[PDB]
>>> print(open('entry02.pdb').read())   # PDB, C-alpha atoms (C1' of nucleotides)
ATOM      1  CA  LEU P   2      14.267   4.543  28.366  1.00  0.00           C
ATOM      2  CA  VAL P   3      12.875   1.069  29.022  1.00  0.00           C
ATOM      3  CA  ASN P   4      14.521  -1.303  31.471  1.00  0.00           C
ATOM      4  CA  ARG P   5      13.389  -4.123  29.216  1.00  0.00           C
ATOM      5  CA  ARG P   6      14.283  -6.557  32.016  1.00  0.00           C
ATOM      6  CA  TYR P   7      11.196  -5.363  33.905  1.00  0.00           C
ATOM      7  CA  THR P   8       8.492  -5.193  31.262  1.00  0.00           C
ATOM      8  CA  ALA P   9       5.722  -7.172  29.621  1.00  0.00           C
ATOM      9  CA  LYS P  10       4.299  -6.881  26.133  1.00  0.00           C
ATOM     10  CA  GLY P  11       1.076  -8.425  24.802  1.00  0.00           C
ATOM     11  CA  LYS P  12       0.657  -8.274  21.049  1.00  0.00           C
ATOM     12  CA  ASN P  13      -2.572  -8.669  19.063  1.00  0.00           C
ATOM     13  CA  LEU P  14      -4.965  -8.875  21.894  1.00  0.00           C
ATOM     14  CA  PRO P  15      -8.662  -9.174  21.071  1.00  0.00           C
ATOM     15  CA  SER P  16      -9.937  -5.716  21.941  1.00  0.00           C
ATOM     16  CA  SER P  17      -9.971  -2.262  20.499  1.00  0.00           C
ATOM     17  CA  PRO P  18      -7.437   0.284  21.768  1.00  0.00           C
ATOM     18  CA  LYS P  19     -10.170   2.891  22.013  1.00  0.00           C
ATOM     19  CA  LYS P  20     -11.825   0.610  24.565  1.00  0.00           C
ATOM     20  CA  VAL P  21      -8.678  -0.380  26.436  1.00  0.00           C
ATOM     21  CA  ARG P  22      -7.094   3.056  26.913  1.00  0.00           C
ATOM     22  CA  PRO P  23      -9.425   4.370  29.680  1.00  0.00           C
ATOM     23  CA  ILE P  24      -8.747   1.340  31.862  1.00  0.00           C
ATOM     24  CA  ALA P  25      -5.041   1.992  31.372  1.00  0.00           C
ATOM     25  CA  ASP P  26      -5.527   5.603  32.478  1.00  0.00           C
ATOM     26  CA  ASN P  27      -7.132   4.438  35.707  1.00  0.00           C
ATOM     27  CA  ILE P  28      -4.064   2.407  36.754  1.00  0.00           C
ATOM     28  CA  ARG P  29      -1.154   4.373  35.324  1.00  0.00           C
ATOM     29  CA  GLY P  30       1.166   5.300  38.154  1.00  0.00           C
ATOM     30  CA  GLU P  31      -0.777   3.423  40.844  1.00  0.00           C
ATOM     31  CA  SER P  32       0.730   0.849  43.145  1.00  0.00           C
ATOM     32  CA  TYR P  33       0.730  -2.756  42.030  1.00  0.00           C
ATOM     33  CA  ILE P  34      -1.753  -3.878  44.675  1.00  0.00           C
ATOM     34  CA  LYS P  35      -4.188  -1.092  43.859  1.00  0.00           C
ATOM     35  CA  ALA P  36      -3.895  -1.711  40.122  1.00  0.00           C
ATOM     36  CA  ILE P  37      -4.433  -5.456  40.478  1.00  0.00           C
ATOM     37  CA  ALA P  38      -7.486  -4.839  42.635  1.00  0.00           C
ATOM     38  CA  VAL P  39      -8.903  -2.361  40.122  1.00  0.00           C
ATOM     39  CA  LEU P  40      -8.419  -4.728  37.215  1.00  0.00           C
ATOM     40  CA  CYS P  41      -9.929  -7.676  39.075  1.00  0.00           C
ATOM     41  CA  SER P  42     -12.922  -5.583  40.106  1.00  0.00           C
ATOM     42  CA  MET P  43     -13.763  -3.801  36.889  1.00  0.00           C
ATOM     43  CA  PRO P  44     -15.702  -6.115  34.571  1.00  0.00           C
ATOM     44  CA  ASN P  45     -14.252  -4.995  31.243  1.00  0.00           C
ATOM     45  CA  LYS P  46     -12.544  -7.076  28.583  1.00  0.00           C
ATOM     46  CA  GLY P  47      -9.735  -4.545  28.510  1.00  0.00           C
ATOM     47  CA  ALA P  48      -9.489  -4.831  32.270  1.00  0.00           C
ATOM     48  CA  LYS P  49      -8.884  -8.577  32.045  1.00  0.00           C
ATOM     49  CA  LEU P  50      -6.317  -8.188  29.253  1.00  0.00           C
ATOM     50  CA  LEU P  51      -4.411  -5.547  31.207  1.00  0.00           C
ATOM     51  CA  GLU P  52      -4.577  -7.751  34.262  1.00  0.00           C
ATOM     52  CA  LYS P  53      -2.756 -10.531  32.444  1.00  0.00           C
ATOM     53  CA  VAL P  54      -0.100  -8.238  31.006  1.00  0.00           C
ATOM     54  CA  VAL P  55       0.500  -6.409  34.312  1.00  0.00           C
ATOM     55  CA  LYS P  56       0.766  -9.609  36.274  1.00  0.00           C
ATOM     56  CA  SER P  57       3.278 -10.925  33.751  1.00  0.00           C
ATOM     57  CA  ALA P  58       5.368  -7.756  33.963  1.00  0.00           C
ATOM     58  CA  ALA P  59       5.478  -7.943  37.740  1.00  0.00           C
ATOM     59  CA  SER P  60       6.418 -11.612  37.488  1.00  0.00           C
ATOM     60  CA  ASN P  61       9.335 -10.804  35.196  1.00  0.00           C
ATOM     61  CA  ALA P  62      10.586  -8.078  37.506  1.00  0.00           C
ATOM     62  CA  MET P  63      10.385 -10.379  40.517  1.00  0.00           C
ATOM     63  CA  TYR P  64      12.139 -13.211  38.724  1.00  0.00           C
ATOM     64  CA  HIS P  65      15.055 -11.058  37.654  1.00  0.00           C
ATOM     65  CA  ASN P  66      15.259  -9.115  40.941  1.00  0.00           C
ATOM     66  CA  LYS P  67      14.689 -11.602  43.733  1.00  0.00           C
ATOM     67  CA  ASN P  68      14.490  -9.002  46.522  1.00  0.00           C
ATOM     68  CA  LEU P  69      11.426  -7.198  45.125  1.00  0.00           C
ATOM     69  CA  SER P  70       8.038  -8.172  46.546  1.00  0.00           C
ATOM     70  CA  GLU P  71       4.489  -7.392  45.461  1.00  0.00           C
ATOM     71  CA  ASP P  72       4.297  -4.260  47.624  1.00  0.00           C
ATOM     72  CA  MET P  73       7.373  -2.310  46.437  1.00  0.00           C
ATOM     73  CA  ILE P  74       6.194  -2.414  42.847  1.00  0.00           C
ATOM     74  CA  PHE P  75       4.251   0.329  41.117  1.00  0.00           C
ATOM     75  CA  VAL P  76       3.050   0.430  37.518  1.00  0.00           C
ATOM     76  CA  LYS P  77       5.451   2.995  36.060  1.00  0.00           C
ATOM     77  CA  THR P  78       4.285   3.234  32.454  1.00  0.00           C
ATOM     78  CA  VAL P  79       1.447   1.771  30.400  1.00  0.00           C
ATOM     79  CA  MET P  80       1.079   2.014  26.633  1.00  0.00           C
ATOM     80  CA  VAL P  81      -1.712   0.702  24.447  1.00  0.00           C
ATOM     81  CA  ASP P  82      -1.149   0.669  20.710  1.00  0.00           C
ATOM     82  CA  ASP P  83      -3.246  -0.573  17.848  1.00  0.00           C
ATOM     83  CA  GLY P  84      -2.667  -3.875  16.070  1.00  0.00           C
ATOM     84  CA  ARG P  85      -3.742  -5.854  13.032  1.00  0.00           C
ATOM     85  CA  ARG P  86      -7.235  -5.458  11.599  1.00  0.00           C
ATOM     86  CA  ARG P  87      -9.507  -7.998   9.969  1.00  0.00           C
ATOM     87  CA  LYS P  88     -12.334  -7.143   7.622  1.00  0.00           C
ATOM     88  CA  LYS P  89     -15.498  -9.214   7.356  1.00  0.00           C
ATOM     89  CA  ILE P  90     -18.684  -8.545   5.474  1.00  0.00           C
ATOM     90  CA  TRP P  91     -22.042  -7.501   6.921  1.00  0.00           C
ATOM     91  CA  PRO P  92     -24.762  -7.753   4.261  1.00  0.00           C
ATOM     92  CA  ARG P  93     -27.620  -5.268   4.234  1.00  0.00           C
ATOM     93  CA  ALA P  94     -30.745  -4.634   2.222  1.00  0.00           C
ATOM     94  CA  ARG P  95     -30.961  -4.243  -1.557  1.00  0.00           C
ATOM     95  CA  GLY P  96     -27.801  -6.248  -2.116  1.00  0.00           C
ATOM     96  CA  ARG P  97     -25.633  -3.657  -0.379  1.00  0.00           C
ATOM     97  CA  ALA P  98     -22.688  -4.955   1.589  1.00  0.00           C
ATOM     98  CA  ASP P  99     -20.595  -3.273   4.256  1.00  0.00           C
ATOM     99  CA  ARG P 100     -17.141  -4.105   5.546  1.00  0.00           C
ATOM    100  CA  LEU P 101     -16.941  -4.627   9.286  1.00  0.00           C
ATOM    101  CA  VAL P 102     -13.484  -4.068  10.745  1.00  0.00           C
ATOM    102  CA  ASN P 103     -12.215  -5.981  13.785  1.00  0.00           C
ATOM    103  CA  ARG P 104      -9.380  -4.286  15.669  1.00  0.00           C
ATOM    104  CA  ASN P 105      -6.697  -5.656  17.970  1.00  0.00           C
ATOM    105  CA  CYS P 106      -4.359  -3.895  20.371  1.00  0.00           C
ATOM    106  CA  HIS P 107      -0.799  -4.152  21.636  1.00  0.00           C
ATOM    107  CA  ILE P 108      -0.251  -3.574  25.336  1.00  0.00           C
ATOM    108  CA  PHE P 109       3.038  -2.594  26.953  1.00  0.00           C
ATOM    109  CA  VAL P 110       3.432  -2.346  30.722  1.00  0.00           C
ATOM    110  CA  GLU P 111       6.576  -1.569  32.699  1.00  0.00           C
ATOM    111  CA  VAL P 112       6.710  -1.779  36.462  1.00  0.00           C
ATOM    112  CA  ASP P 113       9.275  -0.219  38.733  1.00  0.00           C
ATOM    113  CA  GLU P 114      10.300  -0.264  42.350  1.00  0.00           C
ATOM    114  CA  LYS P 115       8.267   2.258  44.303  1.00  0.00           C
ATOM    115  CA  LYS P 116       9.627   5.657  45.345  1.00  0.00           C
TER     116      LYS P 116
ATOM    117  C1'   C L   1      -4.656   0.163 -92.749  1.00  0.00           C
ATOM    118  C1'   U L   2      -0.597  -1.621 -89.978  1.00  0.00           C
ATOM    119  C1'   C L   3       1.944  -3.956 -85.966  1.00  0.00           C
ATOM    120  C1'   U L   4       1.678  -8.018 -82.379  1.00  0.00           C
ATOM    121  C1'   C L   5      -0.482 -12.705 -80.569  1.00  0.00           C
ATOM    122  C1'   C L   6      -2.878 -17.870 -81.653  1.00  0.00           C
ATOM    123  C1'   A L   7      -8.066 -18.860 -76.766  1.00  0.00           C
ATOM    124  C1'   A L   8     -12.249 -22.003 -75.532  1.00  0.00           C
ATOM    125  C1'   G L   9      -6.868 -29.026 -72.256  1.00  0.00           C
ATOM    126  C1'   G L  10      -4.115 -29.855 -67.909  1.00  0.00           C
ATOM    127  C1'   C L  11       0.691 -29.300 -64.312  1.00  0.00           C
ATOM    128  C1'   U L  12       5.024 -26.477 -62.418  1.00  0.00           C
ATOM    129  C1'   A L  13      10.019 -25.638 -57.712  1.00  0.00           C
ATOM    130  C1'   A L  14      12.330 -21.063 -56.260  1.00  0.00           C
ATOM    131  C1'   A L  15      11.876 -15.560 -54.914  1.00  0.00           C
ATOM    132  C1'   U L  16       6.703 -14.234 -51.572  1.00  0.00           C
ATOM    133  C1'   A L  17       2.720 -14.582 -46.723  1.00  0.00           C
ATOM    134  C1'   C L  18       2.611 -16.645 -41.724  1.00  0.00           C
ATOM    135  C1'   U L  19       4.960 -18.587 -36.079  1.00  0.00           C
ATOM    136  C1'   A L  20       0.629 -20.954 -32.554  1.00  0.00           C
ATOM    137  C1'   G L  21       5.405 -23.024 -31.305  1.00  0.00           C
ATOM    138  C1'   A L  22      11.081 -25.889 -31.010  1.00  0.00           C
ATOM    139  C1'   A L  23      16.344 -24.781 -30.264  1.00  0.00           C
ATOM    140  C1'   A L  24      20.356 -21.377 -30.099  1.00  0.00           C
ATOM    141  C1'   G L  25      20.947 -15.586 -28.967  1.00  0.00           C
ATOM    142  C1'   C L  26      20.182 -10.189 -28.525  1.00  0.00           C
ATOM    143  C1'   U L  27      17.927  -5.530 -26.283  1.00  0.00           C
ATOM    144  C1'   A L  28      19.460   3.038 -24.374  1.00  0.00           C
ATOM    145  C1'   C L  29      12.846  -3.765 -23.256  1.00  0.00           C
ATOM    146  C1'   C L  30       9.965  -4.861 -17.897  1.00  0.00           C
ATOM    147  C1'   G L  31      11.545  -5.713 -12.235  1.00  0.00           C
ATOM    148  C1'   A L  32       5.802  -7.255  -8.572  1.00  0.00           C
ATOM    149  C1'   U L  33      -0.213  -1.020  -9.158  1.00  0.00           C
ATOM    150  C1'   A L  34       5.440  -2.958 -13.865  1.00  0.00           C
ATOM    151  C1'   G L  35       5.941  -7.192 -17.015  1.00  0.00           C
ATOM    152  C1'   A L  36       1.431 -12.312 -20.533  1.00  0.00           C
ATOM    153  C1'   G L  37      -4.872 -12.024 -17.362  1.00  0.00           C
ATOM    154  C1'   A L  38      -1.560 -15.355 -14.745  1.00  0.00           C
ATOM    155  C1'   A L  39       6.602 -15.058 -10.976  1.00  0.00           C
ATOM    156  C1'   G L  40       0.862 -18.931  -7.810  1.00  0.00           C
ATOM    157  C1'   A L  41      -4.234 -19.177 -12.930  1.00  0.00           C
ATOM    158  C1'   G L  42      -8.254 -18.275 -16.585  1.00  0.00           C
ATOM    159  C1'   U L  43      -7.622 -20.593 -10.539  1.00  0.00           C
ATOM    160  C1'   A L  44     -10.888 -18.149  -6.442  1.00  0.00           C
ATOM    161  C1'   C L  45     -15.371 -15.744  -7.401  1.00  0.00           C
ATOM    162  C1'   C L  46     -20.079 -13.838 -10.304  1.00  0.00           C
ATOM    163  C1'   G L  47     -24.110 -15.494 -13.887  1.00  0.00           C
ATOM    164  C1'   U L  48     -29.203 -20.683 -15.800  1.00  0.00           C
ATOM    165  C1'   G L  49     -25.926 -20.543 -19.841  1.00  0.00           C
ATOM    166  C1'   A L  50     -23.088 -18.088 -23.623  1.00  0.00           C
ATOM    167  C1'   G L  51     -19.505 -15.481 -20.844  1.00  0.00           C
ATOM    168  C1'   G L  52     -16.884 -12.258 -17.461  1.00  0.00           C
ATOM    169  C1'   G L  53     -12.733 -12.224 -14.160  1.00  0.00           C
ATOM    170  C1'   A L  54      -9.206 -10.861  -9.727  1.00  0.00           C
ATOM    171  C1'   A L  55      -5.713  -9.997  -5.412  1.00  0.00           C
ATOM    172  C1'   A L  56      -1.421 -12.378  -3.008  1.00  0.00           C
ATOM    173  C1'   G L  57       7.031 -12.282  -4.944  1.00  0.00           C
ATOM    174  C1'   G L  58      11.565 -11.257  -0.684  1.00  0.00           C
ATOM    175  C1'   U L  59      13.964 -14.393   7.025  1.00  0.00           C
ATOM    176  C1'   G L  60      19.022 -15.663   7.329  1.00  0.00           C
ATOM    177  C1'   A L  61      25.285 -16.800   4.161  1.00  0.00           C
ATOM    178  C1'   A L  62      23.396 -21.360   6.110  1.00  0.00           C
ATOM    179  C1'   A L  63      16.786 -23.418  10.089  1.00  0.00           C
ATOM    180  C1'   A L  64      21.731 -23.509  12.360  1.00  0.00           C
ATOM    181  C1'   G L  65      13.025 -22.976  13.473  1.00  0.00           C
ATOM    182  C1'   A L  66      14.474 -20.246  19.850  1.00  0.00           C
ATOM    183  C1'   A L  67      17.257 -26.658  24.263  1.00  0.00           C
ATOM    184  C1'   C L  68      15.948 -25.267  28.979  1.00  0.00           C
ATOM    185  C1'   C L  69      13.529 -21.619  32.662  1.00  0.00           C
ATOM    186  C1'   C L  70       9.618 -17.811  34.286  1.00  0.00           C
ATOM    187  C1'   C L  71       4.295 -15.413  33.559  1.00  0.00           C
ATOM    188  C1'   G L  72      -0.085 -17.381  30.963  1.00  0.00           C
ATOM    189  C1'   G L  73      -5.403 -22.402  29.621  1.00  0.00           C
ATOM    190  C1'   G L  74      -3.069 -20.982  25.272  1.00  0.00           C
ATOM    191  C1'   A L  75      -1.439 -17.220  22.275  1.00  0.00           C
ATOM    192  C1'   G L  76       2.278 -14.118  23.389  1.00  0.00           C
ATOM    193  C1'   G L  77       6.148 -11.895  26.124  1.00  0.00           C
ATOM    194  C1'   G L  78      10.328 -11.721  29.429  1.00  0.00           C
ATOM    195  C1'   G L  79      15.484 -14.761  30.163  1.00  0.00           C
ATOM    196  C1'   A L  80      18.944 -18.293  28.579  1.00  0.00           C
ATOM    197  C1'   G L  81      21.185 -20.034  23.516  1.00  0.00           C
TER     198        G L  81
END
>>> encode(input="entry02.pdb", output="structure tokens")
Amino acid sequence: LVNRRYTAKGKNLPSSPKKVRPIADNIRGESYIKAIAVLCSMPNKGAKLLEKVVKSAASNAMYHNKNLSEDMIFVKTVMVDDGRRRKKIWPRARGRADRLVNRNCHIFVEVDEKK
RNA sequence: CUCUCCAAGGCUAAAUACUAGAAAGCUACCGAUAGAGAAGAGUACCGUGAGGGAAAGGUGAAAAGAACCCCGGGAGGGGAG
């Protein structure tokens, strides 16, 4: 389905997909200007990560299609998958130890020329 | 009774037990949770010490390891090879 000419992918980003998905829901299908404004405004780590990936996707589309400006572009699809995990130890009382997982996420954004 | 043997001195190869290993070979023996614990080692780690004891093999036929360009602080991705 993907026009892989027009897309950006960010692998192993430092946030959990459970925390990045809602921000993706708020910009899926919006216009590029509106999405960029939302991501700049909202002070969430996932918001900043999506901002980088979305800006890169728009840049790729513009570079390969010179007659496409920032205001014909809308964020067509947005996918947020889960990535590698790292386990570190958190020690507790009575010699008990717990493993403390750190999750990463993959982010895939495709833009498309507006309706 | 008869039949055998002649101690209280000292040696003796071979046939026999064994393979940590060395070389030459074999397997209706194993193929990475298997096989020695260990394809990387009694190392990492645990205990004052005696001692106990892991997990981790694979690009491609050849690095011929992605010139250069774009986004990004990078990472990474999108093109070009």
>>> resolve_selection(input="entry02.pdb", expression="the PyMOL selection byres ((chain P and resi 54) around 8)", output="ChimeraX atom specification")
/P:9-11,50-53,55-58,108-110
>>> residues_around(input="entry02.pdb", residues="segment 44-56 of chain L", least_positions_apart="6", cutoff="12 Å", atoms="all atoms listed in the file", output="list in words")
residues 32, 33, 37 and 38 of chain L
>>> write_last_selection(input="entry02.pdb", atoms="C-alpha atoms (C1' of nucleotides)", output="PDB file, keeping the file's coordinate frame")
ATOM      1  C1'   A L  32       5.802  -7.255  -8.572  1.00  0.00           C
ATOM      2  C1'   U L  33      -0.213  -1.020  -9.158  1.00  0.00           C
ATOM      3  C1'   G L  37      -4.872 -12.024 -17.362  1.00  0.00           C
ATOM      4  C1'   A L  38      -1.560 -15.355 -14.745  1.00  0.00           C
TER       5        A L  38
END
>>> interface_residues(input="entry02.pdb", of="chain L", to="chain P", cutoff="10 Å", atoms="only C-alpha atoms (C1' of nucleotides)", output="VMD selection string")
chain L and resid 70 to 72 75 to 79
>>> residues_near_point(input="entry02.pdb", point="(-17.4, -7.3, 6.5)", cutoff="9 Å", atoms="all atoms listed in the file", output="list in words")
residues 87, 88, 89, 90, 91, 92, 98, 99, 100, 101 and 102 of chain P
>>> atom_distance(input="entry02.pdb", atom1="atom CA of residue 77 of chain P", atom2="atom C1' of residue 74 of chain L")
27.6 Å
>>> axis_aligned_box(input="entry02.pdb", around="segment 6-10 of chain P", padding_each_side="4 Å", output="lines of an AutoDock Vina configuration file")
center_x = 9.3
center_y = -6.2
center_z = 30.0
size_x = 18.0
size_y = 10.0
size_z = 15.8
>>> resolve_selection(input="entry02.pdb", expression="the PyMOL selection byres ((chain P and resi 85) around 6)", output="list in words")
residues 84, 86 and 105 of chain P
>>> atom_distance(input="entry02.pdb", atom1="atom CA of residue 21 of chain P", atom2="atom CA of residue 69 of chain P")
28.3 Å
>>> residues_around(input="entry02.pdb", residues="residue 39 of chain P", least_positions_apart="4", cutoff="12 Å", atoms="only C-alpha atoms (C1' of nucleotides)", output="count of residues only")
20
>>> residues_near_point(input="entry02.pdb", point="(4.9, 5.6, 36.7)", cutoff="9 Å", atoms="only C-alpha atoms (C1' of nucleotides)", output="ChimeraX atom specification")
/P:29-31,75-79,111-113,115
>>> resolve_selection(input="entry02.pdb", expression="the PyMOL selection byres ((chain P and resi 18) around 10)", output="list in words")
residues 14, 15, 16, 17, 19, 20, 21, 22, 23, 47, 80, 81, 82, 83, 84, 104, 105, 106, 107 and 108 of chain P
>>> atom_distance(input="entry02.pdb", atom1="atom CA of residue 36 of chain P", atom2="atom CA of residue 74 of chain P")
10.5 Å
>>> build_atoms(input="entry02.pdb", residues="segment 81-101 of chain P", atoms="N, CA, C and O atoms", output="compact mmCIF listing (two decimals), in the coordinates of the input")
# COMPACT_ATOMS: atom_id res chain seq x y z
N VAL P 81 -0.75 1.54 25.14
CA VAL P 81 -1.71 0.70 24.45
C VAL P 81 -1.76 1.16 23.00
O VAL P 81 -2.33 2.21 22.70
N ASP P 82 -1.17 0.39 22.12
CA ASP P 82 -1.15 0.67 20.71
C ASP P 82 -2.13 -0.17 19.96
O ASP P 82 -2.71 -1.10 20.50
N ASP P 83 -2.30 0.14 18.68
CA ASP P 83 -3.25 -0.57 17.85
C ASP P 83 -2.54 -1.60 16.96
O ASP P 83 -1.40 -1.42 16.54
N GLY P 84 -3.23 -2.72 16.73
CA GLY P 84 -2.67 -3.88 16.07
C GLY P 84 -3.39 -4.24 14.79
O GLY P 84 -4.11 -3.41 14.23
N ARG P 85 -3.23 -5.47 14.33
CA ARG P 85 -3.74 -5.85 13.03
C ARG P 85 -5.27 -5.73 13.01
O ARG P 85 -5.94 -5.76 14.04
N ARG P 86 -5.81 -5.57 11.81
CA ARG P 86 -7.24 -5.46 11.60
C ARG P 86 -7.68 -6.53 10.63
O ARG P 86 -6.95 -6.90 9.71
N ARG P 87 -8.87 -7.04 10.84
CA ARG P 87 -9.51 -8.00 9.97
C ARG P 87 -10.83 -7.49 9.49
O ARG P 87 -11.61 -6.97 10.29
N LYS P 88 -11.11 -7.64 8.21
CA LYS P 88 -12.33 -7.14 7.62
C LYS P 88 -13.23 -8.31 7.27
O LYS P 88 -12.80 -9.26 6.62
N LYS P 89 -14.48 -8.25 7.72
CA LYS P 89 -15.50 -9.21 7.36
C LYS P 89 -16.72 -8.46 6.88
O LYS P 89 -16.86 -7.26 7.12
N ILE P 90 -17.60 -9.17 6.22
CA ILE P 90 -18.68 -8.54 5.47
C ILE P 90 -19.98 -8.64 6.29
O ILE P 90 -20.27 -9.66 6.91
N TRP P 91 -20.71 -7.54 6.33
CA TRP P 91 -22.04 -7.50 6.92
C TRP P 91 -23.03 -7.14 5.83
O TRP P 91 -23.03 -5.99 5.37
N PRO P 92 -23.87 -8.06 5.37
CA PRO P 92 -24.76 -7.75 4.26
C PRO P 92 -26.03 -7.06 4.72
O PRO P 92 -26.61 -7.40 5.75
N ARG P 93 -26.46 -6.09 3.94
CA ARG P 93 -27.62 -5.27 4.23
C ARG P 93 -28.65 -5.40 3.13
O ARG P 93 -28.56 -6.27 2.26
N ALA P 94 -29.65 -4.53 3.17
CA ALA P 94 -30.74 -4.63 2.22
C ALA P 94 -30.29 -4.26 0.82
O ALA P 94 -29.24 -3.67 0.61
N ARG P 95 -31.12 -4.62 -0.15
CA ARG P 95 -30.96 -4.24 -1.56
C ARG P 95 -29.60 -4.66 -2.09
O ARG P 95 -29.04 -4.00 -2.96
N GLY P 96 -29.06 -5.76 -1.59
CA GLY P 96 -27.80 -6.25 -2.12
C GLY P 96 -26.59 -5.44 -1.72
O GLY P 96 -25.49 -5.73 -2.20
N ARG P 97 -26.75 -4.44 -0.87
CA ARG P 97 -25.63 -3.66 -0.38
C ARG P 97 -24.87 -4.39 0.68
O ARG P 97 -25.46 -5.01 1.56
N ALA P 98 -23.55 -4.32 0.60
CA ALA P 98 -22.69 -4.96 1.59
C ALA P 98 -21.80 -3.92 2.24
O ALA P 98 -21.42 -2.92 1.63
N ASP P 99 -21.46 -4.16 3.50
CA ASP P 99 -20.60 -3.27 4.26
C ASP P 99 -19.47 -4.08 4.86
O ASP P 99 -19.64 -5.25 5.21
N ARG P 100 -18.31 -3.45 4.98
CA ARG P 100 -17.14 -4.11 5.55
C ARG P 100 -17.05 -3.72 7.01
O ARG P 100 -17.36 -2.59 7.39
N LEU P 101 -16.67 -4.69 7.85
CA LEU P 101 -16.94 -4.63 9.29
C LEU P 101 -15.65 -4.94 10.04
O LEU P 101 -15.38 -6.09 10.37
